[PDB]
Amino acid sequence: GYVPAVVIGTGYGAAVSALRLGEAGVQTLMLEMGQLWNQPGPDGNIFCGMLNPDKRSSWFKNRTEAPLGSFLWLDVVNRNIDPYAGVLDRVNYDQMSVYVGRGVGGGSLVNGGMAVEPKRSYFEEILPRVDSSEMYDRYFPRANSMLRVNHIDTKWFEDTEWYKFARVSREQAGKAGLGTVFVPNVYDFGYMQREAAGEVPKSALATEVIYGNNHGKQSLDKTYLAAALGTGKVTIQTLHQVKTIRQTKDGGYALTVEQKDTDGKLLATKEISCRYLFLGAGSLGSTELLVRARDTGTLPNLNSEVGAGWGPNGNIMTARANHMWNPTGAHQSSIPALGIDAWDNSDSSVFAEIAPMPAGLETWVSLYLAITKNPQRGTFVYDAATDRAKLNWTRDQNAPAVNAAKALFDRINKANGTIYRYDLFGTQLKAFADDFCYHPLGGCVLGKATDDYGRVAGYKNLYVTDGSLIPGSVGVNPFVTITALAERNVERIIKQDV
């Protein structure tokens, strides 16, 4: 049937948009292809942990996988599973695997909670058409508050065994003249203290994050989406995947929407129509919908920039072997708290999170997820044969990212007389994982495929809201930027268009 506004997806862009639409009195339906994660599973928990993965860990795979970096210790817990509507989806393209959340809340379900504002001078470089004063004066603060960002207590951090891994890398980086920064988070750090004291059920301190957190983490279902539902003007339908978008003959948009069960069985195909259509299906999902619509003739006026300008936020993973006298600890909080900020906007820039490892025994490994400045971009190209977008990115396009990460970590190795690990990412000697992405950015870039507020070029009342708007790189963990940009966009769209 018809609803005034439809929002596709329930990640950051979608959640912001729906809240503000509902507050404006616009009846809004959100369509989410994954589950509402609120049913206790076979262990009494909603989500599986990293040491006990089961079908809930994976979107339609037949075997669980170890978190990247952890195969040497966590392959032993891998098991065959039924293909199921689980929470984490590794999407495999030719030479890149992109990890995304599937469920009410999108990537907020599976992410590390790290809530980081980009450097203003870098924001100004990547998005020169956007007024940066309103972003920093109004929209970043708005996002910060709504997301429930909080800050770790420094004394507790310094003292606790759960962050020894972070302190070890801080000391090692310091010998190379590199400083660290605390990383704000949406995981409740007060709750985390009480986990360590045995006062509340553990989540971060029980090797949970990437398949969800049963406690502590303020994912979007608890923040923006709960508020959106609270308006009385928003509903969310789950296990509903939008497949096609067209402009109807009488105006507005019509969607074909597949309803499935958690086993992936097709239950129904529905036609849903609306006046205002907001895409929040992510960098991958929104871009796929639009290249499909262009190339199958259902939105024939979409421009040539739809699909273009994708990058992996310069994501590279690497690891160092510590000296025997610098163990990182058997007990590592699953939520990072420290990063190495070596980002000055030059081509050598690196902002690296000091990543915990889940092994639960001493390995002497320090793990890092580097964010780099690499100008290479890929393009999503629709394949009509399979009805899927393909990502034209080649592994050699990550060479500048590897080079920047390696230059930084080489400084740390030189200062400390340490070497890389070469065995964490497969049998072949490989110190730098260069074909994964947790932070997909672009495909429907702001000002290129859209106007400066995400209005899709060629169409009225058609909006993109999410990571597909960002031109490939933000220099930091991206969700705060996506959220703040979505606050800016929806406020303007409601004022001018609704």
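All residue numbers are counted from 1 along the displayed sequence. Take the two forms, find the largest set of C-alpha atoms that superpose within 1.5 Å, and that set is the rigid core.
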- Task: Consider 360-368 and 249-257 separately and indicate which one has Cα atoms farther, on average, from the shown form in 5 other deposited structures of this protein after rigid core alignment.
- Result: 249-257
- Comparing 341-349 with 301-309, where is the mean C-alpha B-factor higher? 341-349
- Message: Per the record, averaged over C-alpha atoms, which has the higher B-factor: 420-428 or 393-401?
- Response: 420-428
- Which one of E288, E362, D295, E208 shows the biggest C-alpha B-factor in the PDB entry? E362
- Item | Residue with highest C-alpha B-factor in the PDB entry, from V116, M324, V257, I354 | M324
- Note on the structure: Binned into thirds over the chain's modelled residues, the C-alpha B-factor of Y187 lands in the lowest
- Query: According to the PDB entry, is the CA B factor of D434 in the bottom, middle or top third of its chain, that is, lowest, middle or highest?
  - Reply: middle
- Query: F71's Cα B-factor: lowest, middle or highest third of the chain?
  - Reply: highest
- Message: Per the entry's values, where does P42 land by CA temperature factor relative to the rest of its chain, in the lowest, middle or highest third?
- Response: highest
- Item | Ranked C-alpha temperature factor of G49 among modelled chain residues, by third | middle
